[PDB]
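The data below hold one chain only, encoded as C-alpha cells and taken in the form deposited in one PDB entry.
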C-alpha cells in the first residue's frame, strides 16, 4: 500500500535532517529533535504527504517517473507532514487541547510544557534543510522554498482569524457568518492541506504554466473548505477512539461550521441559550449546545451539504484540463467523502 511505502522513508528523512545541519555538532539536541519528530509525526493518516506523492504520480508522464523522483516526491510529502506537525503542535496550545492521535498533546507532557514553542521552531526549520539538501542545485528550488514560506503566512493568517479574541465580545456572535467562516478555512486549512501538496506535485512534474497553477489552486481551495467542514463536524460528533482527540470547538467558542449553521436556525429563545452556554467548559453548558444542535437538525444538514458539496467538487474536477488530471482530483475527493475521522 501507498501508506507503508510513504512511511518507509521516514528514518532516512530523520538522518538527512541531522547530517545537513549544525545538529551534527550537538547530539543532545539531535537526539531530542528525533524524539520530537517521531512523537509529532506518529500515527494518523499521512494524508497530506500521500496527496503530494499521489499528485506527482498522477500528473507526471509515467515514462518520466523514476525511483529517485518517487523518493523526491515522498520527501516533499514528508516536508508537508512536518509543517503539519509544527502547525498542530502550536494549534494544540492555542486550542486548549489535551490529546491528539490518541496520546497527550506534545505540550501537555511534563518534561515539555511551554518549551514546545521551541520544539516547533526546530521542526519547522528542518524543512528547509531537507529542501536544500535535495533541491539546491535545481531550477525549482526557489519555487519550493517560497511555497513553504507562503504556506506558513497563509496558515497563520487563517489561525489569526480563528483564535482572535475579537471574533466575539461576550454575547456578540455577530461575526459568526459564512463570510468569516469562508476566510478562516481558506487560509488556515485549504492552502496547506491541498494547494501546497498539489502544487509540490506539479512542480516536481515540471508543470509551470501559471494558468494551470491557478486552476489547480481554485480546485484545491474548494476541496479544503469541504475538508474543514468535515473537521468541524467531527469535532462535535466524532468518536474519540477513532479521531484520537477530544473536541474543544464548543468550549473554545469557535466559529465552526456547526456554530454558524446553528445561528442560521435559532429561534430568539434558542439564540439566548446559545449565547449563554457556548464557549464554556462546564459540562452542562457543553451538553446544552449539543442538544440544541440536535433540535436544529444539524446532523441531517451536514449529511446533505456533504453530498451536495461532494457532487459539486466532482463536477469541478471533471471540468479541469486533462493536464491537471481530473482523475487525481476525483480520487482525492473520493478519499475524504464520508470520512468519520
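Positions refer to the first chain, counted from 1. Between two forms, the rigid core is the largest collection of C-alphas that superpose within 1.5 Å.
Omitted from view is the form deposited in another entry, to which the following refers.
Chemist: Quick check for you: superpose on the rigid core, then look between this form and the one not shown for a C-alpha move of 2 Å or more. Which of 262, 127, 89, 200 is it?
Modeler: Correct option: 262.
Chemist: Aligning on the core only, does the CA of residue 60 end up 2 angstroms or more away between this form and the one not shown?
Modeler: Residue 60: C-alpha displaced by less than 2 Å between this form and the one not shown.
Chemist: With a threshold of 2 Å on the C-alpha, tell me if residue 159 counts as moved between this form and the one not shown once the core is superposed.
Modeler: Comparing the forms between this form and the one not shown, which are aligned on their rigid core, residue 159 does not shift its C-alpha by 2 Å or more.
Chemist: So with the core overlaid, does the Cα of residue 38 end up 2 Å or more away between this form and the one not shown?
Modeler: The answer is no; the displacement is under 2 Å.
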